[PDB]
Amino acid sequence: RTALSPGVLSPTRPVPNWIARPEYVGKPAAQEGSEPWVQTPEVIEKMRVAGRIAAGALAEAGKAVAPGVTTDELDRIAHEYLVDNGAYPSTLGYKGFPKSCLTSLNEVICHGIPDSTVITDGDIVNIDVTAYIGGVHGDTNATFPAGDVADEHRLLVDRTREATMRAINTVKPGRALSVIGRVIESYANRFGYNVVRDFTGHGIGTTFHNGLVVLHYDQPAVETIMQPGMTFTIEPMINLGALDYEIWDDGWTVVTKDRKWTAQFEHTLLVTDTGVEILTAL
C-alpha cells in the first residue's frame, strides 16, 4: 500500500440558495476568534440541532467507506445529507477550503481534501463533517476501517476513540481544561503512541473556531476552568510514528513525514451545570 498523492478535485458542489451561508463564505478569512466561550441557552439548543445533523452526515458517509470508493464520493454523501437537512457544510468556502468535509486516509493526519482518491482494502479513513444551521455550528469526526485492516491499525483506531471518550468523560464545570489533554496523552503514551500537538480542539458556537483552544497533550500551564454553557471540541489526532509532518501544496493536507498511519475522533461538547453533553451524539 503506497504513500498517498493528490487526486482530481471534482467541481464545487452546489447548495441551494435558501440555506444560509456563514458569513465567511467566499471571503479569504472568517470573522471569528473573540466570541464568548459560554453560550446562551438559545445557542446551546440550536447547537443540539446542528450537532445531530453533523452526526448524521458523518454516520451516512461512514457507511459508504469500503474498498473501491472515492473520497469525493464520501463528500458527495455528506454534502447531500447536510443539504437535505437544511444545513450548510461549514467547511465549504471556509478559508478557501473547497469541499464539504475533510477526508484523511492513513498517513494523512488531518485536513485531507475529498478527491478521486480511491480507498483500498486495509485503509483507515477519517471523515470530518461540520454543519451550520440556525446560525451555529456542530463539528464531528471519526476514523472508519476499509475492508481487512491490520491489527496494528484497528488498535490505533479503537484506542484513539477510547482516548477521546475518556477525555469527554472528564468534562465538568470547575474542572481545569488542561485535564483533557492529560487524559488523552496518558492513554496514548500507554500504548506507545504520540499525540499531535500542533492541531487542537476549539471552541465552537456561532463561529467555527471561536478562539478557545483545547490542547490534546499535557500542558498544565493552561489556567482555563470549564464553566457551564461552554462549548468546544475534543478531537485528538494520534500517531503511530513521529510527530513531524509536511503540508501538501494544496495548503491543507497534513501528512506524517515517516508515513506511518494516524487516527482521529471528534465530538462537540457542552459543559452542563454538573457534567458534559455530547452534542454530536448520533
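Quick note: we count residues from 1 along the sequence shown, nothing fancier.
115-123 and 161-169 differ in mean CA B-factor, and the higher of the two is recorded for 115-123.
As the entry records it, the average C-alpha temperature factor is higher for 216-224, out of 229-237 and 216-224. Residue 44 sits in the lowest third of its chain by CA B factor, as recorded in the PDB entry. In the deposited entry, the Cα temperature factor of residue 84 places it in the highest third of its chain's modelled residues. When the CA B factors of the chain's modelled residues are split into thirds, the value for residue 51 lands in the lowest one.
Ranked by Cα temperature factor within the chain, residue 20 sits in the middle third according to the deposited record. When the modelled residues of the chain are ordered by their C-alpha B factor, residue 198 lands in the highest third.
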